Amino acid sequence: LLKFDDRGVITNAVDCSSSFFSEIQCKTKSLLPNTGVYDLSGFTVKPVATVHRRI
Amino acid sequence: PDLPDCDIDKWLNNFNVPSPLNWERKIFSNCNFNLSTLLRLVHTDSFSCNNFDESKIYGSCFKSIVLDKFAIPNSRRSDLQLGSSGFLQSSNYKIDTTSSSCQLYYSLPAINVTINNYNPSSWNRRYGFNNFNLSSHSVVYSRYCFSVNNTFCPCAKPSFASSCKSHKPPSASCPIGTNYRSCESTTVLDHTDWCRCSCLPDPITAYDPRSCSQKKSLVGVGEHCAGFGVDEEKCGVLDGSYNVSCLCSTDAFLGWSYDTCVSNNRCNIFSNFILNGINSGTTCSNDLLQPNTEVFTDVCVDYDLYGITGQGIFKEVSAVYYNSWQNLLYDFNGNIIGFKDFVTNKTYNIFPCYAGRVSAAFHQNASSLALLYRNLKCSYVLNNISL
Amino acid sequence: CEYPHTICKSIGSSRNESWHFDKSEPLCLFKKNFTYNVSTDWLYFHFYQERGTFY
Amino acid sequence: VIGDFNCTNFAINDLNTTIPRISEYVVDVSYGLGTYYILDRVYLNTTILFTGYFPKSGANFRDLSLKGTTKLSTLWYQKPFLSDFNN
Ligand SMILES: CC(=O)N[C@H]1[C@H]([C@H](O)[C@H](O)COC(C)=O)O[C@@](O[C@H](CO)[C@@H](O)[C@@H]2O[C@@](O)(C(=O)O)C[C@H](O)[C@H]2NC(C)=O)(C(=O)O)C[C@@H]1O
Ligand SMILES: *[C@@H]1O[C@H](CO)[C@@H](O[C@@H]2O[C@H](CO)[C@@H](O)[C@H](O)[C@H]2NC(C)=O)[C@H](O)[C@H]1NC(C)=O
Ligand SMILES: *[C@@H]1O[C@H](CO)[C@@H](O[C@@H]2O[C@H](CO)[C@@H](O)[C@H](O)[C@H]2NC(C)=O)[C@H](O)[C@H]1NC(C)=O
Ligand SMILES: *[C@@H]1O[C@H](CO)[C@@H](O[C@@H]2O[C@H](CO)[C@@H](O)[C@H](O)[C@H]2NC(C)=O)[C@H](O)[C@H]1NC(C)=O
Ligand SMILES: *[C@@H]1O[C@H](CO)[C@@H](O)[C@H](O)[C@H]1NC(C)=O
Ligand SMILES: *[C@@H]1O[C@H](CO)[C@@H](O)[C@H](O)[C@H]1NC(C)=O
Ligand SMILES: *[C@@H]1O[C@H](CO)[C@@H](O)[C@H](O)[C@H]1NC(C)=O
Ligand SMILES: *[C@@H]1O[C@H](CO)[C@@H](O)[C@H](O)[C@H]1NC(C)=O
Ligand SMILES: *[C@@H]1O[C@H](CO)[C@@H](O)[C@H](O)[C@H]1NC(C)=O
Ligand SMILES: *[C@@H]1O[C@H](CO)[C@@H](O)[C@H](O)[C@H]1NC(C)=O
Ligand SMILES: *[C@@H]1O[C@H](CO)[C@@H](O)[C@H](O)[C@H]1NC(C)=O
């Protein structure tokens, strides 16, 4: 979530994946999002890999 | 976005023109150039090519650009054609014929011309050669070029120098890795001590060219002159005093002459366009049609700059706060709203032009139509549709 | 070369600038020289590839 | 092992002197570090997303300081300084 000034200079950027705070920050395109509940769609679950199916 | 140019026009129009003996070598790689602007800027007179045509340059891309540049003498103009057995093609510069090349004949004004004369040889300059003391605007051109081995010094041993009472040959001590002469006495009672050496009286006309230390070497492509002919007996330390090394005077060398390029207050300079890698490469001409014309407002002129295609009306709005590399500006959604030219440092705001509809009311008992243009002015409709 | 290395312009160097066998001119896709402000303190780089296009 | 041609054959050893120094400063993109300007697109007073390539924060810098003083070892090649440049 890159923020540009009046002269087009980057000052603050949101990671969107460092923690849940970055997700809520870049979910509404604002450095300070409004109050309320935020259902984080895309939460990390860290699953396992499954391959080579056997008959 | 555009790429930096090769700056060929800045090199061809250089005031420091070189002599035909030492042509300037310049290679252009990974850049762009315009043939039309180059030909319009230079004062060209003729354009010829070998196994190629100027019409095939448009579309085909070459691997690299190789150019040649040297002054053209006034008396040596009729022998510049390919295949001519003149003095220039025999000892000054060789023109390749088995590869695709182009010949450019352009002229430069006589004023602001600085000549540069320097022999591109090792043994010629190392064996006592000072600066080329010539007149202004003097085009020097060699006639006969000779080559020597890497183990031959143009001098002999001091033991035989003192053995001749009259017409003794000068000698000194050349560095290690060199061979002396083979002087011998042939007294036939004509003088007190008549002794002669090899390559006499001159290397061009010798009775035994096999025993001569230097032979006539023809010039080749991409190789300058091997050196002028010098007599072994005409140079060296007299009486073998052992003062300096085997150094020879500049006046001992022969086989060159000079001319001038003063013709209608202008000088001609030859240009060889050596091109390689037909229809394959990176650097080549880009004379195609590009959207770089005289832009103007009051009409939605088509814009195709910076890889973005759209239709819109340009508007002159001052914008100096842009960065040194910034060329455009986008909106919140991500669509183009303007740009900035990189050749005139001008900024424009793109406004979409009229593409709306028109309302027409019709009645069953009527014949005409009540056309109504929503959100428009009568002047715009009259100046953009019809009368 | 199997053992590449580069030299410095200040004082001397251990070896010479010879880490290849470029006896002629090769073919490059981008060959030019750009000068940067040497008086600065930091320098950030970025090199990522997408669809076979270098950056 | 990186090269495919032989140039030098003297003053070559195999002494273990490599040091995989890891930095103690993590990636901080809150002040524009790591963020790269778009190749041609430019935005003014806009906070728009960009699914580009940025370094992951919370990851310490891996220092690669390699030099040579009249001698060089083949040990620095491959593991551990030369890593697989994935993307
Ligand atoms: C990553 C690391 O540990 N770097 C060392 C560096 C290398 O171990 C070494 O130079 C590479 O050569 C091999 C493979 O042995 O060595 C440094 O110390 C040198 C140890 O030899 C040091 O004594 C230097 O020795 C010289 O003889 C030389 O030129 O090799 C003289 C030189 O003045 C001296 N360098 C000094 C005092 O700075 C090194 O080169 O600095 C130590 C690094 O940390
Ligand atoms: C090159 O970099 C140096 C240092 O990064 C710049 O010098 C600084 O200029 C500002 C402007 O007034 C001063 O406040 C600093 O004190 C200067 N620092 C130093 C170390 O001199 C310099 O301006 C840069 N030049 C360009 C052309 O960008
Ligand atoms: C070369 O020396 C380095 C430096 O000691 C060795 O790296 C160490 O390896 C041990 C074993 O895994 C670790 O416990 C240390 O933490 C490592 N130290 C550092 C600074 O990385 C390395 O193993 C040596 N290599 C060989 C082949 O002997
Ligand atoms: C940059 O964007 C901000 C965000 O919209 C603009 O701030 C708004 O400005 C208008 C007019 O001055 C106000 O009515 C809004 O209340 C402002 N929004 C907020 C959140 O304060 C700002 O004007 C823009 N700057 C430029 C130069 O376009
Ligand atoms: C040739 O001139 C046109 C005219 O603006 C320009 O767009 C183009 O980039 C030029 N090509 C070059 C310099 O290679
Ligand atoms: C070229 O010649 C003109 C007229 O003699 C002179 O005014 C001008 O300064 C010269 N330019 C250069 C670069 O020598
Ligand atoms: C345009 O702006 C750049 C940026 O400072 C400047 O270097 C250049 O001289 C200006 N003029 C032209 C014709 O490019
Ligand atoms: C149209 O003209 C006919 C002609 O007789 C008339 O009868 C009818 O009423 C008219 N209708 C309207 C809507 O004017
Ligand atoms: C590099 O090569 C030159 C020419 O052979 C030599 O004079 C010089 O000493 C060399 N330098 C090193 C560091 O080997
Ligand atoms: C940079 O490249 C140009 C090519 O036009 C060359 O003439 C110049 O010598 C180069 N300068 C350096 C410092 O490499
Ligand atoms: C260098 O490599 C070539 C090709 O592998 C080989 O023919 C040659 O013998 C090698 N020379 C040395 C000194 O290792």
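Protein chains in written order, with the entry's author numbering: chain A, 267 to 321; chain B, 322 to 708; chain C, 156 to 210; chain D, 14 to 100.
For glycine and all other residues, C-beta sits at the position ideal for the given N, C-alpha and C.
DSSP has residue i in a bridge; who is on the other side?
| i | result |
| --- | --- |
| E505 (chain B) | B:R517 |
| residue 712 (chain B) | Past the edges of chain B, shown from 322 to 708, lies residue 712 (chain B), and the structure says nothing about it. |
| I595 (chain B) | B:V387, B:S422 |
| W197 (chain C) | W197 (chain C) is not bridged to any residue. |
| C370 (chain B) | B:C423 |
| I35 (chain D) | D:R75 |
| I590 (chain B) | B:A392, B:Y427 |
| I657 (chain B) | B:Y651 |
| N26 (chain D) | D:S86 |
| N188 (chain C) | Per DSSP, none; premise fails for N188 (chain C). |
| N433 (chain B) | Answer is none; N433 (chain B) lacks a bridge partner. |
| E205 (chain C) | C:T208 |
Just checking: is the beta-carbon of residue i within a distance shorter than 8 Å of some beta-carbon in chain D?
| i | result |
| --- | --- |
| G655 (chain B) | yes |
| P322 (chain B) | yes |
| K293 (chain A) | no |
| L650 (chain B) | yes |
| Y158 (chain C) | yes |
| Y203 (chain C) | yes |
Which class does residue i belong to by DSSP, given the choice of helix, strand or coil?
| i | result |
| --- | --- |
| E637 (chain B) | strand |
| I671 (chain B) | strand |
| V275 (chain A) | coil |
| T571 (chain B) | helix |
| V42 (chain D) | helix |
| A527 (chain B) | strand |
| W646 (chain B) | coil |
| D560 (chain B) | helix |
| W577 (chain B) | strand |
| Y462 (chain B) | strand |
| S584 (chain B) | strand |
| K347 (chain B) | strand |
| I15 (chain D) | coil |
| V540 (chain B) | coil |
| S700 (chain B) | helix |
| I290 (chain A) | helix |
| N500 (chain B) | strand |
| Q91 (chain D) | coil |
| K377 (chain B) | helix |
| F98 (chain D) | coil |
Would you verify that the beta carbon of residue i is, or is not, closer than 8 Å to some beta carbon of chain A?
| i | result |
| --- | --- |
| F63 (chain D) | yes |
| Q647 (chain B) | yes |
Compare the C-beta of residue i against all C-beta atoms of chain B and say whether one is closer than 8 Å.
| i | result |
| --- | --- |
| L198 (chain C) | no |
| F185 (chain C) | yes |
Any beta-carbon of chain C closer than 8 Å to the one on residue i?
| i | result |
| --- | --- |
| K347 (chain B) | no |
| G16 (chain D) | yes |
| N19 (chain D) | yes |
| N99 (chain D) | no |
Self-check item: Positions along the stretch 269 to 280 of chain A whose CB lies within less than 7 Å of some CB in chain B
Solution: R273, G274
Practice problem: Using a Cβ-Cβ cut-off of less than 7 Å, list which residues of the stretch 35 to 59 of chain D approach chain B; keep chain order. | Solution: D53, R54, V55, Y56, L57, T59
Self-check item: Selection of the stretch 615 to 644 of chain B by Cβ proximity to chain A, strictly under 9 Å
Solution: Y642, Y643, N644
Quiz item: Using Cβ-Cβ distances below 8 Å, what residues of the stretch 170 to 185 of chain C are close to chain D?
Solution: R170, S173, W174, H175, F176
Exercise. Give, in chain order, every unbroken run of the beta strand (DSSP E) that is at least 3 residues long and sits entirely within the stretch 606 to 638 of chain B.
Key: 634 to 637
Practice problem: May I ask you to list, following chain order, the residues of the stretch 283 to 315 of chain A that have a beta carbon less than 9 Å from some beta carbon of chain D? | Solution: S283, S284, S285, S288, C292, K295, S296, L297
Quiz item: For the stretch 66 to 90 of chain D, which residues have a CB atom closer than 7 Å to at least one CB atom of chain C, in sequence order?
Solution: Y66, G81, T82, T83, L85
Quiz item: Just by C-beta distance, which residues in the stretch 330 to 361 of chain B are closer than 9 Å to chain C?
Solution: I348, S350, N351, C352
Self-check item: Sequence ranges, alpha helix (DSSP H) only - wholly within the stretch 442 to 494 of chain B, length at least 4
Solution: 443 to 447, 479 to 482
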